[PDB]
Each structure stands twice: as structure tokens, then as C-alpha cells.
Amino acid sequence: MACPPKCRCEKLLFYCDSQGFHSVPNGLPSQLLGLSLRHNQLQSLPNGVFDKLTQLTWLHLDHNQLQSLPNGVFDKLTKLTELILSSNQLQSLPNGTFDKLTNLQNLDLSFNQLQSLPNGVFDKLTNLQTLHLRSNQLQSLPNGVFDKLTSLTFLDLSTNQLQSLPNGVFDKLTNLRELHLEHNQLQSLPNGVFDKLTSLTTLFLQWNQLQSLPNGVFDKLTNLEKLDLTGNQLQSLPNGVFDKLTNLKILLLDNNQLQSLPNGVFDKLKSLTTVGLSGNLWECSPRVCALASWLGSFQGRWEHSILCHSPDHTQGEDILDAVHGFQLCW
């Protein structure tokens, strides 16, 4: 079996990575099971360059400088289970580009420059489990774009430019376990947006710009174990917002604009072991006594100190200290 110069070949797995290549080596064998071309140079791929590689189950093209993808280039890789395209310079995806990859389980498009997704681009990937779209340039999402991804368990949309989520965009993702929406530009959420996500265990919303949470928004996420809302612009929480999250173990509300919390807002979180309430704008008056009391008998931990913001004479002080020092409760 011929191994290309500078490549490393383990039976039917060819490792042609990290060699500063400008092109795909000739002439790969039709029986290749895996091909790695990561960490090369490479700005473009020739039309049909992978067409003979019909048995390929995994292909790695990460950390090159691909500016575009030819039309149909993955066509014929019908056995592909993993496609990694991360860390490139892709601005758009050709229409139907993944349509023949019906066995695809893992698709990684992280660290590219995608400004939009074609309509129906994921529609044939009925077996996809994990979709990585992190650190791209998406401003919106087409409607129904995830509707066929009924096997998806992991979805990462973090660090894009998303200004809104379309209604129902997650409604078909009933097996979803982990959802990353952090570091976008969301200022509100559609009502019922998470409602079908009954198997969800992990939800990341931090460092958006949220000004509100819909009433009942977390109500169906009865299996949720971690919720991160850090660094948004919440000035208040709706009542009963966390009531159904009986398995929640981690709740992070640091660095919002909270002055106060509703009475009994944490009462139903039997499983909680970590809370985060740093930053914020806590008012150290008799308004804090319910929170101070809950904190005092909590049972779990918090990683950063919880401070008074007002009034001026208490600013900087640990809430629990201020309550005694200025006799605010008891």
C-alpha cells in the first residue's frame, strides 16, 4: 500500500496532516477509511477531488485556510459519519453541500466566517448527533433549519452575531441534551422556545443582552441540571421562573442588573449545589432579608463574593456582613 511522502498511514487511515500542503496529494486509494488533512495550508479544493473515496467514514480538514467549498465535493462520501471543517475561512456554504451525507453523526463548522446558512442545508442529516457552529458570523437562522435533526443531542451556536431566534426553531429537537447560545446578541426570547426540549440537561445563555425572560420559559425543562444566565441585562426575574427545575444543580446569575430577587424564587431547587450571584446591583436594605436568609442556610456553594451595591454606605460589603453590621434583618 503506497503512503504519500510526508504522510503517516495506519492501514486504511491516512494522516496527511501538519505538512504545510497546498493541495490534496494524489492519488488516494478507493478503500480509505479515514483521511486527515488538518493543519496544512490549502485555500481551495479541486472539483471532485474526493469522489473516488467512497468508503471514507471520517474526514478532517480543520485548521487550513479554505475560503470556499466546491459544489458536490462531499457527494459520494455516503458512508461519512464525521466531517470536521473547523478553523477555516468559509463565508458561505454551497446549496445541498451535505445532502448526500445521510449517515453523518458529527458536523463541525466552528471557527469559520459563515454569515448565513442556506435554507435546508441540514435537512438530510437525519442521523446527526452533534452540530458545532461556534465562533462564526451568523446574524439570523433560517426558519425550520433544525427541523429534520431529530437525533441531535448537542447544538452549539455560541459566539455568533445572532440578534433573535425564530419561533419554533428548536421544536423538533426532542433528544437535545446540551444547547449553547452564549455570546450572541439576544435581547429577548420567544415564548415557548425551549418547551419541546424535555431531555435538555444543560443550557448556556450567558453574555447575551437579555432584558427579559418569557413567563414559563424554563417550565418544561424538568431534567435541566445546569442553567447559565451570567452577564445578561436582567433587572428582574418573573415569579416562579425556576420552580419546575427540580434537578437543577448549577444556577448562575452573576453580572446581571439584579437589585432584588422575588421571595421564594429558589425554594423548589432541592438539588441545587452551586449558585452564582456576583456582580449585580444588590440593594442592602430589608429588601435583601429573604435572600440573605436563604444564603445563610444554603447547603451548597458560590464561587465569587456577593456584594451590596446600594445604599452608598454599604457598597462593597458582603451581603451577609452588611445585614449584621447595619442590623437589616432578624
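Note that residue numbering begins at 1 and tracks the sequence as displayed.
- Between the stretches 275 to 283 and 30 to 38, it is 30 to 38 that shows the larger average CA temperature factor.
- Here the stretch with the larger average CA B-factor, out of 258 to 266 and 44 to 52, is 44 to 52.
- Of all the options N71, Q211, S199, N112, the entry's greatest CA B-factor is assigned to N71.
- Placement of the Cα temperature factor of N143 within the chain: highest third of the modelled residues, per the deposited record.
- In the deposited entry, the Cα temperature factor of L12 sits in the top third of values across the chain's modelled residues.
- Sort the modelled residues of the chain by CA B factor and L307 lands in the middle third.
- The deposited CA B-factor of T126 belongs to the middle third of values across its chain.
- When the modelled residues of the chain are ordered by their C-alpha B factor, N106 lands in the lowest third.
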